[PDB]
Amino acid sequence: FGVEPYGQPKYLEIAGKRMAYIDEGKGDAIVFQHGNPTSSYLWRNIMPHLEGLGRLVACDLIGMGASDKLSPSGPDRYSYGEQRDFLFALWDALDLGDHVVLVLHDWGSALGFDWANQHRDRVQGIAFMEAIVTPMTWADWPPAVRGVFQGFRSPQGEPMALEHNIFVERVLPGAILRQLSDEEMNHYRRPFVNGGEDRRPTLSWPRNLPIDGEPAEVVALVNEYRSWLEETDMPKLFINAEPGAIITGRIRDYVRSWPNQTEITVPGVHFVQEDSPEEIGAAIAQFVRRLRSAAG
C-alpha cells in the first residue's frame, strides 16, 4: 500500500478561497471525488491504474485536504450546498469536457451524482463505492457508529469534532480493516491538526446525512438524483464492499437493481480504498477501457 500522494498539488482561487487538486495526464476526464474526512489522498493507490486512460483529476473539498479553510467558520458553514458551490465552480474552471467518468465515494458521491444529474450529456459513466444513494434510517447505518453519528448530530458534536477530532481519530480507522501506517494516518490528520474550527467540515458533513427525514433539503436532493440513477442507461460500476458500511442490506439490494451496471464485491468497511485498492483500481480501468471501446 503506497504511502505517497499521487501527482503534484495544484491550486486555483475559487470564490475567494484556494482550492487544491491533482490533474495529471491527457484526454477525457476521470474525476475522483473523496468524502469525509478524507482528501484526494484517498485515491493515491487507485489513480495509477487509470494512467493512459484519461486526464486524472482529484479535488480537495473546501476545508479539506490542501484546500483553504472558510472564515469565519461556524455551524452555518460547510453545508452540502456550500461544498457544492465551491466544488462545482472548481470543476467548471478545470474545463473537464463532455466525456467525463466520475469515480465517487461518500459525500463525493452525493456531489458527483448531483453534478451528473445536472450535466447528463457530459458524463460517460460513473463508478461509485460506499455512496449516498437513498435517504436512510438509523437501521441502515452501521450499528457500531449509530451513537457517534447521533452525537455529531446534536450539541455534543462541537466538542466531539472540534476538540477531540473523533471523525479523524476514531471513525476513519474504525472503518478500515487493515491498520494504516503512521505515515498514512498522518497524511489524513494533516488538514485537521489544529483544534477548533479547522475541523468544522468533519462535523458539518455528518449533520447533512439524510437520516430519518432530516435535513429535508438533502433528503430532497438525494431523492432527485436517485430517481435519475434508477432509470438512466448511463453505464455504472458499483463497487460493493463486504462487510461494507453504508451500502448494505436493503440499500445494497436497491443499488443492485440499477440498470446498465457492472458490479464487483471487495473486502472493506467504509474506506474501501484502504483495503482493496488493487481490485478497485483494476475494476475502474476495465470499466473505462470498455467505455473507450464502445465509443470507437
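From 1 onward, residues are counted along the sequence shown.
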Higher-B stretch (mean Cα B-factor, as the entry records it), 138-146 or 202-210: 138-146
Of 37-45 and 258-266, the stretch with the higher mean C-alpha B-factor in the deposited entry is 258-266
Just to confirm, going by the entry's C-alpha B-factors, which of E82, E169, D114, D121 comes out highest? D121
Most elevated Cα B-factor in the entry, residues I126, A93, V193, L87: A93
Which third, lowest, middle or highest, does the C-alpha temperature factor of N165 belong to within its own chain? lowest
Comparing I22 with the other modelled residues of its chain, is its CA B-factor in the lowest, middle or highest third? highest
Where does the C-alpha B-factor of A216 rank in its chain, lowest, middle or highest third? highest
Among all modelled residues of this chain, ranked by Cα B factor, put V288 in the bottom, middle or top third, i.e. lowest, middle or highest. middle
Quick one: classify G65 as lowest, middle or highest third of the chain based on its Cα B-factor. lowest
